[PDB]
Amino acid sequence: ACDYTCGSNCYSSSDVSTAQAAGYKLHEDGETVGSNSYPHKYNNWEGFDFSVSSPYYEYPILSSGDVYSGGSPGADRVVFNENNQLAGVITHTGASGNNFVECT
Ligand SMILES: Nc1nc2c(ncn2[C@@H]2O[C@H](CO)[C@@H](O)[C@H]2OP(=O)(O)O)c(=O)[nH]1
Ligand SMILES: [Ca+2]
């Protein structure tokens, strides 16, 4: 079963946890990754009511299972905060333009 379903992608708790650990780690060293410099800030234009506190940072989660280290970031992201908390999992899939919809 899927703990998180991002359109076509099936992500498990373990998947989310791995990406998230990679992002908070970069964020902690003050280092980026890719041409879009992940992780960066998630502004929250979508206006999601996260059960966690701002500010937010995003980091790509790959359907491939591997951790992002460059190349296409895909459509799915993991959102965590300064305390290393999971805000959620979002995707551009089924979302107009660069908008975001949440993974089910
Ligand atoms: N849709 C959306 N994009 C955001 C937000 N905060 C930062 N971004 C980034 O700004 C871009 C829009 O110009 C988005 O594609 C996204 O980059 P990512 O694709 O790396 O997530 C936000 O709250 N919503
Ligand atoms: Ca997996």
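The first residue of the sequence shown is numbered 1, and numbering continues consecutively from there. These values consider heavy atoms only, across backbone and side chains, with no hydrogens, waters or symmetry-generated copies.
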Of all heavy-atom pairs between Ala19 and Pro60, which one has the smallest distance, and what is that distance? CB-O, 4.0 Å
Please work out which of the three classes, parallel, tilted or perpendicular, describes the rings of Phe50 and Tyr42, given edges at 30° and 60°. tilted
Of all residues at least two apart in sequence or in a different chain, which pass the ring-ring contact (aromatic ring centres under 6.0 Å, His included) check with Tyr4? none
Would a distance-only check, ignoring hydrogens and angles, find a side-chain to backbone donor-acceptor pair under 3.5 Å from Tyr59 to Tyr68? yes
Below 4.5 Å, heavy atoms only, C-beta onward: do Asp15 and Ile61 meet side chain to side chain? yes
Report yes or no: does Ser17 contribute a side-chain atom to a donor-acceptor pair with the main-chain N or O of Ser13 at less than 3.5 Å? no
Same cluster or not: are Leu26 and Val16 linked, directly or through other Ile, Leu, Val, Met, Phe, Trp or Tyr residues, by side-chain heavy atoms under 4.5 angstrom apart? yes
Assess the residue pair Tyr24 and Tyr57 against the criterion (ring pair (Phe, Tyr, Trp, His ring centres under 6.0 Å)); give the C-alpha distance rounded to whole Å, side-chain angles, the decisive distance to 0.1 Å, and a yes or no. CA-CA 8 Å; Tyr24 192 82; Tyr57 297 88; 8.3 Å; no
Over all atoms of both residues, closest heavy-atom pair of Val101 and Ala95: CG1-CB, 3.0 Å
Return the CG to CD distance between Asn81 and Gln20, rounded to the nearest 0.5 Å. 9.0 Å
Would you give the length of the straight line joining atom CG of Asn9 to atom OG1 of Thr91, rounded to the nearest 0.5 angstrom? 7.0 Å
Roughly how far, to the nearest 0.5 Å, is SG of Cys6 from OH of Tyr11? 5.0 Å
Looking only at heavy atoms, the pair that brings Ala75 and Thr93 closest together is CB-OG1, 3.4 Å
Answer yes if the side chains of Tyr56 and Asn44 hold a donor-acceptor pair under 3.5 Å, and no otherwise. no
CG of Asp76 to OG of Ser63: how many Å apart, nearest 0.5 Å? 7.5 Å
Would a 4.5 Å heavy-atom cut-off, applied to side chains only, mark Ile90 and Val79 as touching? yes
Are any side-chain N or O atoms of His92 and backbone N or O atoms of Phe100, one a donor and one an acceptor, separated by less than 3.5 Å? no
Any side-chain donor near an acceptor of the partner, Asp3 and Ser12, under 3.5 Å: no
Spell out, as yes or no, whether a donor-acceptor pair under 3.5 Å connects the side chain of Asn36 to the backbone of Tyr38. no
Give me the one residue out of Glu58, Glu102, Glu46 that meets salt bridge (charged side-chain N to carboxylate O under 4.0 Å, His left out) with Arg77. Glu58
Side-chain heavy atoms of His27 within contact of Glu82, under 4.5 Å: yes
With a 4.5 Å cut-off on side-chain heavy-atom distances among I, L, V, M, F, W and Y, is there a chain of contacts connecting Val33 to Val67? yes
Short question: side chain of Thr5, backbone of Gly7 - any donor-acceptor pair under 3.5 Å? no
